Amino acid sequence: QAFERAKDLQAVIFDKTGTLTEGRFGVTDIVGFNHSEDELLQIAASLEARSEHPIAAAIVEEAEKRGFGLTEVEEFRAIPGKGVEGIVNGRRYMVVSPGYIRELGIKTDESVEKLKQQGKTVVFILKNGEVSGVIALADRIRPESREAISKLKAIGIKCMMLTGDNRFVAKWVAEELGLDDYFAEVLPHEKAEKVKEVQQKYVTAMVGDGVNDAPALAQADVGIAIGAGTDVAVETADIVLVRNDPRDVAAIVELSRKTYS
Numbered sequence: 375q376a377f378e379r380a381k382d383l384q385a386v387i388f389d390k391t392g393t394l395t396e397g398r399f400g401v402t403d404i405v406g407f408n409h410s411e412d413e414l415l416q417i418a419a420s421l422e423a424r425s426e427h428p429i430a431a432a433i434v435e436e437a438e439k440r441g442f443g444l445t446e447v448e449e450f451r452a453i454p455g456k457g458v459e460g461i462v463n464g465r466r467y468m469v470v471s472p473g474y475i476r477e478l479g480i481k482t483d484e485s486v487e488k489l490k491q492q493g494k495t496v497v498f499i500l501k502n503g504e505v506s507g508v509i510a511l512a513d514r515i516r517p518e519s520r521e522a523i524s525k526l527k528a529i530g531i532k533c534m535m536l537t538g539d540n541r542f543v544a545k546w547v548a549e550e551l552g553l554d555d556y557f558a559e560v561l562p563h564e565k566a567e568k569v570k571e572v573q574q575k576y577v578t579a580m581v582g583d584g585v586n587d588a589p590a591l592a593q594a595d596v597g598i599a600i601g602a603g604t605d606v607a608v609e610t611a612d613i614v615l616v617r618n619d620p621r622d623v624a625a626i627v628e629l630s631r632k633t634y635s
């Protein structure tokens with residue numbers, strides 16, 4: 375009777391990662407300090423071409439997205455605890471972590487703090503030992519998510535999120551989406567209890583992975599397993615969405631409000 379009782383929902387809680395966000399790192403910002411952004415990306419991706427680190431891979435992917443060819447790096451070195459280094463265009467470049475910038479005693483532009491305050495992962499590009507720019511990355515918000523939330527708010531549903539991610543990341547996603555509430559630092563075995571807390575006020579849906587988030591979906595009044603695919607049957611969720619489109623939650627509620635069976 376899950377489709378039928380969707381009409382009576384008052385609150386929807388999304389698990390963040392993979393549902394409202396892509397579930398992988400992506401470049402959000404490129405900031406040059408008297409240095410072009412396209413050049414910054416091209417150089418950084420050139421230097422990170424051989425890395426297996428997910429952040430390096432995301433930088434390389436953004437250069438692919440923008441159609442930037444890579445440059446052969448001379449005197450390449452990978453330095454654990456710092457980053458990577460190479461000669462490009464007769465200048466010594468590095469792509470390094472903020473930890474290393476601090477260990478080198480290098481000052482950073484005050485503007486970079488805004489990126490850190492969004493919980494973004496920041497990579498520094500150095501040119502001859504001076505900061506040339508930064509690239510910021512996040513588990514990016516899905517294109518569909520802003521509309522998924524706006525549709526739900528339009529029908530009076532409180533839109534919430536839980537995540538194991540830190541409060542900076544959680545706040546950033548919540549603010550981008552205009553969420554009514556969010557819960558950060560929620561470990562897997564604590565998700566069901568957060569659903570229960572919301573149910574103190576609201577008939578509540580939980581939206582998440584039917585396999586990983588089974589207990590929270592079970593606690594919800596309507597457990598919506600999303601991105602379930604067509605291989606592993608999710609026997610335990612109330613409603614299972616094959617694809618991974620958060621706008622389908624509003625579609626279920628809106629159609630339920632038009633119908634009975």
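Start counting the sequence shown at 375; every next residue gets the next number (the UniProt record's numbering). In this text, a Cβ means the ideal position worked out from N, Cα and C, and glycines have one as well.
Original post:
Under a three-way DSSP split, which group does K568 fall into?
Top reply: helix
Original post:
Looking at C-beta atoms only, is the number of pairs between the segment 543–550 and the segment 574–585 that lie closer than 8 Å three or more?
Top reply: The way I'd put it, the segment 543–550 doesn't touch the segment 574–585; fewer than three beta-carbon pairs between them come closer than 8 Å.
Subject >> Endpoints, alpha helix (DSSP H) assigned at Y474 >> reply: 472–477
Original post:
Can you tell me the Cα-Cα spacing of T393 and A566, whole angstroms?
Top reply: Counting only the Cα atoms, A566 lies some 17 Å from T393.
Subject >> alpha helix (DSSP H) segments (min. 4 residues) lying fully within the segment 446–518 >> reply: Counting only runs of 4 or more, we get 472–477, 486–490.
Original post:
Is DSSP giving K632 helix, strand or coil here?
Top reply: Of the three classes helix, strand and coil, the one that applies to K632 here is coil, per DSSP.
Original post:
What separation, rounded to the nearest whole angstrom, lies between the Cα atoms of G603 and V469?
Top reply: 38 Å
Subject >> Whole-number beta carbon distance between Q593 and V569, since they are thought to touch under 8 Å >> reply: 4 Å
Subject >> Three-state secondary structure (DSSP) of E426 >> reply: coil
Original post:
Does DSSP classify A611 as helix, strand or coil?
Top reply: coil
Original post:
What are the residues that DSSP puts in a beta bridge with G597?
Top reply: Paired residue(s): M580.
Original post:
Where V458 and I387 are concerned, what is the direct C-alpha to C-alpha distance, given to the nearest angstrom?
Top reply: 40 Å
**OP:** Report yes or no: do three or more beta-carbon pairs, one from the segment 533–542 and one from the segment 425–435, lie closer than 8 Å?
**Re:** At 8 Å Cβ cutoff, the stretches do not touch.
**OP:** List the DSSP bridge partners of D403.
**Re:** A510
Original post:
Got a sec, what are the start and stop residues for the beta strand (DSSP E) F557 sits in?
Top reply: Under the DSSP assignment, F557 falls in the beta strand (DSSP E) whose first and last residues are 555–557.
Subject >> Reference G493; option with closest CA among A437, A558, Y467, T445 >> reply: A558
Original post:
What's the call for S410, buried or exposed, on a 16-neighbour Cβ count within 10 Å?
Top reply: exposed
**OP:** May I ask you to report which of helix, strand or coil DSSP gives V547?
**Re:** helix
Original post:
For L536, which beta-bridge partners are listed by DSSP?
Top reply: Answer by DSSP bridge pairing, in chain order: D389, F557.
Subject >> With 16 other Cβ atoms within 10 Å as the buried cut-off, status of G441 >> reply: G441 should be labelled exposed.
Original post:
Under the DSSP definition of a beta bridge, which residues are partnered with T395?
Top reply: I515
Original post:
When you compare each of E487, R520, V596, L615 to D605 by their alpha carbons, which one comes out closest?
Top reply: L615
Subject >> Limits of the alpha helix (DSSP H) - the one that residue 332 falls within >> reply: Outside the displayed span of the chain (375 to 635) sits residue 332, for which this structure offers no information.
Original post:
In chain order, what residues of the same chain have a beta carbon less than 7 Å from the beta carbon of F407, not counting five sequence neighbours either side?
Top reply: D483, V505, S506, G507
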